[PDB]
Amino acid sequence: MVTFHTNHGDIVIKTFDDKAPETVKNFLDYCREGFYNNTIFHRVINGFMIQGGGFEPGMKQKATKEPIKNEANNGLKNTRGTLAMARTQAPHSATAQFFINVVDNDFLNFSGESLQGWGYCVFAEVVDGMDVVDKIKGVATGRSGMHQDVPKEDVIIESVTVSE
């Protein structure tokens, strides 16, 4: 288990260690190294997802490790409350950024090992604090440089605690 301590409340998640082993290891290493301390949910789209783990306040992107393999061919679906890895168009490009699905986002799901099919790798699920996720997803947002859906007030991941 892992708890995001945000300035809107605690989000408790259970990792899917068997189904996305490299994603979960990559995630837990960032957690333990403090990488997510004082990052924000920088992209918030109600009825879609909330995305964070990349930027400090002022959209100062953090330096990351080399990207990880996409494990979305594990068959796990981007249903409400699941966590998945954000990434660019390249399927195996994900680094630290993740998002929480706030609806069932069936269109994000793996359908084939290809550009358009690879989809987004689910690696954990919220087990407590979906109320906090539902508060964050509804905050006011706006533009910030080349970025859209940036919360007008920072939604800050203050720190992460690991439970074993």
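Just count from 1 along the sequence shown to find any residue number.
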Greater mean Cα temperature factor according to the PDB record, 97-105 or 57-65: 57-65
Of 18-26 and 147-155, the stretch whose C-alpha atoms average the higher B-factor in the entry: 147-155
Given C31, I45, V133, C121, the residue at which the Cα B factor reaches its maximum: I45
Cα B factor band for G52 (lowest, middle or highest third within the chain): lowest
Assigned third (lowest, middle, highest) for the C-alpha B factor of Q89: highest
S114 - Cα temperature factor, lowest/middle/highest third of chain: highest
